[PDB]
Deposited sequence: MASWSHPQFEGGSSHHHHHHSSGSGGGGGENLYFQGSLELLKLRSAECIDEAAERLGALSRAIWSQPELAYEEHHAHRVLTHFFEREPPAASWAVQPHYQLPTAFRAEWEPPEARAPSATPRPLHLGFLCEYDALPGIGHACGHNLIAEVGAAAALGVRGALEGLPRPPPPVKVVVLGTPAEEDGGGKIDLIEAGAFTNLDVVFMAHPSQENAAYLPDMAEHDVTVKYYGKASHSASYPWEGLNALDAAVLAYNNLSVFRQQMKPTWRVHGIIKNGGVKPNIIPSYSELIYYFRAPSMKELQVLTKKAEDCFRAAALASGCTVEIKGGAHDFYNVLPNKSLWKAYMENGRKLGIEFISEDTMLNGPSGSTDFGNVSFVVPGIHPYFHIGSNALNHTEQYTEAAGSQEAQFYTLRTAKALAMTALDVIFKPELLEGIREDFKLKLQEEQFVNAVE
C-alpha cells in the first residue's frame, strides 16, 4: 500500500522504470524489426542487443557476454552491488524472423519485452533503501527459435542449469498466461530405388516416387486413427526429375506434433511404420533422419501462472504451435504468456509483420513487460511462492 518500501511500491517503480525507457526500448524493437534476420544469422540483432545492455547506465553495469556459445547469442547479468544462494531470474530475448515475410511472429517484440522486464526489475531493486535480497537478473539472447532451437543449444551448454525461474512473453491474438504448446519431432525421409528406362525396361526398376506416394497414402489413412490433438504435415521435396527415367530417389520432409513426449514417441513410431511400409511395398530402401532437436511441450507452472495473472489484471490486461521454450520449461520453472498487440492478424502472416512493427504494438508490449517484471518481484519477495513454484515444477515433471 502506502507503506515505505512495500511490494506494491516496488511494482510501481518497475512500471515507471519501463515507462522511462519506452523510447530506447522502442528503438530496440525497430532496429530488429526493420532488419529481419533468419535463424543463426541474427548478427545485426545480436549487435543491437549487446550494445543495448552495454550502454545501460552506468556503463558496464550490465555484465555482457557477446557470442555466448552461439555466434548470435548473448548473455547479460546484473545484481545489486551489495554482498551481505542468490536467486537467479532469467529473461529470454528472441529475435529471428521468418523467410520472405520478415518478423511475422513479432519476435522483435519478444526481444523488447524480455529486455524491458529485466530493466524494470533492476530499476525497482535499485530504489530499495535497505540492501536488497541477493538476486541475479540474467538476460539470455536465444537465437533461432523458428528453426533449429537455439534455446536447446544453450541448454546443451548448460546455460539454464543455474536459473531458478525464467520469463519471456510472445505476441499473438489474445492475452493468456499460458497456452498449450505441443512437442515436435521433425524428419526427412529419403527413398532409394533402382533407375530404369521406363520406355524400355521399366520392370527392371524400383520406383522411389511410388515409395513417396505410398508413404503419403499410409499416413493419410492413418489420420483417422490419430488422436485429435495430434498433427502431421509434410511435403514431397523430391518426386523425380524426368518422366523417361523411373525415379531412383525421392525425398519427403515431415513434422509431427503431440501434446506430450510420450504421445509424440507413439506418433513417431506409427509414422515410421508408414515410411518403412512404403519401402517394403516399393522395394526401395529408406533413410529416416530425425531433426537435430526434438522440441518439448511447455510445462505449465500453476503458482507462477496465478501470480502473473494477478499482476496483469491490475495492469488492465483481460485474459481468456511449438517452441524450444518447451525444453527450457522442462529444466527451469518458467512462464510463456501470450499477449495481444492491437491487431486481428494471425502470427506468421504478412499482416502480422505490420502489427509487430506498429506504434500500436508498443503499448501492449510494454504493458506485458510490466506484468513480467512485477511477477519477478513476486518471486523475489515471496519465499512461499518460490516454494509453490518449485513444488508445482516437481509434481509436473513426474507427470511428464
_As a test: can you identify every run of the deposited sequence that has no C-alpha position in this structure, in order?_
1-31, 116-121, 358-367, 448-454
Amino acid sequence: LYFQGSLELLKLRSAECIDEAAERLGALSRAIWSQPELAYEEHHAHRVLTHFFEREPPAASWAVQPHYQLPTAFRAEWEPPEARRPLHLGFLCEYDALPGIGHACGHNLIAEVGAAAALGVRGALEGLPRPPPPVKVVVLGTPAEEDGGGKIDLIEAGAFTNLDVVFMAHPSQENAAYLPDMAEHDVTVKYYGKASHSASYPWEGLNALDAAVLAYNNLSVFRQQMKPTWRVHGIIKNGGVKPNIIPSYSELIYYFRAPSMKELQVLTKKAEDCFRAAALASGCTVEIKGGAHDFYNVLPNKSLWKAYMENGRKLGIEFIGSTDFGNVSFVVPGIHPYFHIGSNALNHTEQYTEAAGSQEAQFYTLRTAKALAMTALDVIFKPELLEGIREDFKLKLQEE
From here on, numbers count along this sequence of modelled residues.
_Of 124-132 and 222-230, the one with larger mean CA B-factor_ = 124-132
*asked:* Tell me which stretch has the larger mean Cα B-factor in this entry, 110-118 or 284-292.
replied: 284-292
*Would you mind checking which of 28, 70, 341, 60 has the top Cα temperature factor in the PDB entry?*
60
*Compare the CA B factors listed in the entry for 276, 270, 151, 313 and report the winner.*
313
*Check where residue 24 lands among this chain's C-alpha B-factors and tell me if it's the lowest, middle or highest third.*
middle
*Relative to the other modelled residues of the same chain, rank the CA B-factor of residue 199 and answer lowest, middle or highest third.*
highest
*Should residue 385 be placed in the lowest, middle or highest third of its chain by the C-alpha B factor in the entry?*
highest
*Pull the Cα B-factor of residue 262 out of the PDB entry and bin it into the chain's lowest, middle or highest third.*
middle
*Lowest, middle or highest third of the chain for the C-alpha temperature factor of residue 302?*
highest
